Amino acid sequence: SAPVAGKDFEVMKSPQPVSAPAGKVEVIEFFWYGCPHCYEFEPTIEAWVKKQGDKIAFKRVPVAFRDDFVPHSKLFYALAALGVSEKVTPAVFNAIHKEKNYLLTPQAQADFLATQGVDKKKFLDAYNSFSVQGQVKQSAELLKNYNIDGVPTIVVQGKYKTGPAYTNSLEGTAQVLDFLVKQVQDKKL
């Protein structure tokens, strides 16, 4: 059955500006390294994004629901600043969820990433950079702008939100996302 508006996805009363160009559908994944659903969803969203390719503009935004997890948002943007996000991120998820290493401090992050081939000094310089600080503050602003209260949350074209909170299953989130993107492409949404 086709997804329904209000149950399987939410039409934001205040849509946000989309960064994707014309011809591409913007897809934003609000996630948290420590959220088990986000870890469980990673392979699904990765494959789906790669399959879509030039049809979408995918980005992730880290979420720090409490102050304790701001270091995870700094980690996200620090890995991006170093250009090693795609490579070491699976090890980051594994460290948090399977090795009981929650990577909650810059030092623990640096040590672990050192075991993954990342120079401690370069990573810490990125972690404490003003640019990463600004990106983290911006990610909090976006959490507010999109009215995100849970993760993982998928936002399509800055207007339609979905996720396991709406679909009760990660597969359901994927199916709704694919539907939403295709609806936007056909100009039906």
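Counting begins at 1, following the sequence as shown.
- Checked against the record, the higher mean CA B factor of 114-122 and 84-92 lies with 114-122.
- Per-chain ranking of the deposited C-alpha B factor places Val70 in the middle third.
- In this PDB entry, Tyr39 carries a Cα temperature factor that places it within the middle third of its chain's modelled residues.
- Sort the modelled residues of the chain by CA B factor and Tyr160 lands in the middle third.
- When the CA B factors of the chain's modelled residues are split into thirds, the value for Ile28 lands in the lowest one.
- Among all modelled residues in this chain, the alpha-carbon of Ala47 has a temperature factor (C-alpha) in the middle third.
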